[PDB]
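Chemist: Just dropping this structure here.
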Amino acid sequence: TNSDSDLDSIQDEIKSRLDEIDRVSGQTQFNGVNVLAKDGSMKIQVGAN
Amino acid sequence: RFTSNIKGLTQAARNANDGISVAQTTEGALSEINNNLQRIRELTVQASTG
């Protein structure tokens, strides 16, 4: 029961939030390392050897 | 002969004291080398983390 204008507005806001998701994907960093920008592995040394 | 032996023994004791002294000096230097290596190992253990 929605006209074309309503669909266009909903699409605009959905695209806005998708751009937000992409931005935060690029943005979040820790000590110069982007946590979510790659499928890497991160080793933590917790032993004496 | 006894006088000669006594004098020789006194010199031997003095020389042994000098040797103990040089060993002490060497041991102190080696102690610091040990401390330095311990600190380097600590730094390396820190640096192993990713």
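Which chain is which? The protein sequence lines are G and B, in order.
First residue of the first sequence: 103, per the entry's author numbering; consecutive thereafter.
First residue of the second sequence: 53, per the entry's author numbering; consecutive thereafter.
Virtual Cβ for every residue (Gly too), placed ideally from N, Cα, C.
Helix, strand or coil: how does DSSP classify G/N136 here?
Modeler: strand
Chemist: Strictly by DSSP, which residues pair up with G/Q131?
Modeler: G/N136
Chemist: Would you identify the three-state DSSP class for B/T96, choosing helix, strand or coil?
Modeler: helix
Chemist: Does the CB of G/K145 have a neighbour CB from chain B at under 8 angstroms?
Modeler: True, the Cβ-Cβ gap to chain B drops below 8 angstroms.
Chemist: Give the DSSP-derived three-state secondary structure of G/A150 in the structure shown.
Modeler: coil
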